[PDB]
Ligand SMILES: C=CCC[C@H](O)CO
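A lone chain, given as structure tokens: the form solved without (2S)-HEX-5-ENE-1,2-diol.
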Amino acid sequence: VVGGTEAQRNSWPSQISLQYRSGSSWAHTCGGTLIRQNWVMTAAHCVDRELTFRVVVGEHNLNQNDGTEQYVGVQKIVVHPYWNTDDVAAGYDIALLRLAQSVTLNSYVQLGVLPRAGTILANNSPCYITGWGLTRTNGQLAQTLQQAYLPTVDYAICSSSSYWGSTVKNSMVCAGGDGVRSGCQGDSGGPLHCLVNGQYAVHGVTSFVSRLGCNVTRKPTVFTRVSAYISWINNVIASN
């Protein structure tokens, strides 16, 4: 997250770090949100790959012992059936990951709240991204959870030619696009927390930003619109 600030240890307790085996040690590669105690929501393209995955909940500094961490393996990856690795811009960039045992909840570990199916935000909605991704284009990972105020840019505006054109669709959400603050690599798969009727809920999963760079004016960070995939989520979880 470029242009962020570091978050307080207990603000965003559904935040997770998704990591791989890197071999001898582990390496953050994306974010995720805790949505059940044995289930996490992240982006299909962060689990595209043949690596071993773990998840870390109660994580504030990726280095440094926090005193609050729980580390749990991933048992089972369900990618959207229509995701195609070649095409982030088609959408479906969404995956659920079954953990090997359920985490315990506390003040640093909590379940993400999901929007009602179908909800769409007004323009210029209040929303935060959070993550450990690069703090500059072609920079380095934060060591501490960062967060950045990114309000929404609605589908017609984000849709216009001066912004994403065509490449956005309506199964997606745009937020930011001011030139200063944005998502960046290593924030992929994590939450976009929006304020709606006094409670924060997770309305996006971080997907993509532009090839010219992370914080570019008029190319907002783009995310999977959670509210288009409610029924898919609940059907996976039901099934396993």
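Throughout, we count residues from 1 along the sequence that is shown.
For this session: Compare the mean C-alpha B-factor of 133-141 with that of 166-174 as given in the PDB entry, and name the stretch with the higher value.
Result: Higher mean C-alpha B-factor: 166-174.
Problem set entry | Given 181-189 and 207-215, the range whose Cα B-factors average higher in the PDB entry | Per the PDB entry, the higher value belongs to 207-215.
Exercise. Considering only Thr119, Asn84, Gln110, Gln146, which residue's Cα atom bears the greatest B-factor as recorded?
Worked result: Among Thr119, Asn84, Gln110, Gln146, the PDB entry lists the largest C-alpha B-factor for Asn84.
Exercise. Which one of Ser227, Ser17, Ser22, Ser14 shows the top CA temperature factor in the record?
Worked result: The record points to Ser22.
For this session: Would you mind checking where the Cα B-factor of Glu69 ranks among the modelled residues of its chain, as the lowest, middle or highest third?
Result: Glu69: CA B-factor falls in the middle third of its chain.
Exercise. According to the PDB entry, is the CA B factor of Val236 in the bottom, middle or top third of its chain, that is, lowest, middle or highest?
Worked result: For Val236, whose C-alpha B-factor we compare with every modelled residue in the chain, the answer is the middle third.
For this session: Name the third of the chain's ranked CA B-factors that contains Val79, choosing lowest, middle or highest.
Result: Its C-alpha B-factor belongs to the middle third of this chain's values.
Problem set entry | Chain thirds of CA B-factor: placement of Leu96 | For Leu96, the deposited C-alpha B-factor lands in the lowest third.
Exercise. Of the three thirds of its chain by CA temperature factor, lowest, middle or highest, which one includes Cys127?
Worked result: Lowest third - that is where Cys127 ends up once the chain's C-alpha B-factors are sorted.
What comes next is about the form solved in complex with (2S)-HEX-5-ENE-1,2-diol, which is not displayed.
For this session: Would you check, heavy atoms only and a 4.5 Å threshold, whether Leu141 touches (2S)-HEX-5-ENE-1,2-diol in the deposited bound form?
Result: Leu141: yes, in contact with (2S)-HEX-5-ENE-1,2-diol in the deposited bound form.
For this session: Answer for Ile35 alone: is it within 4.5 Å of (2S)-HEX-5-ENE-1,2-diol in the deposited bound form, judged on heavy atom distances?
Result: Contact with (2S)-HEX-5-ENE-1,2-diol, no.
Exercise. Looking at the partner-bound form in the deposited bound form, is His28 within 4.5 Å of (2S)-HEX-5-ENE-1,2-diol by any heavy atom?
Worked result: Although (2S)-HEX-5-ENE-1,2-diol is absent here, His28 would touch it in the deposited bound form, with heavy atoms inside 4.5 Å.
Problem set entry | in the deposited bound form, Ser14 touching (2S)-HEX-5-ENE-1,2-diol (heavy atom, 4.5 Å) | Result no; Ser14 lies far from (2S)-HEX-5-ENE-1,2-diol in the deposited bound form.
Exercise. Across 44-58, which residues bring a heavy atom to within 4.5 Å of (2S)-HEX-5-ENE-1,2-diol in the deposited bound form?
Worked result: The stretch 44-58, when checked against (2S)-HEX-5-ENE-1,2-diol in the deposited bound form, contributes only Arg54 at the 4.5 Å heavy-atom cut-off.
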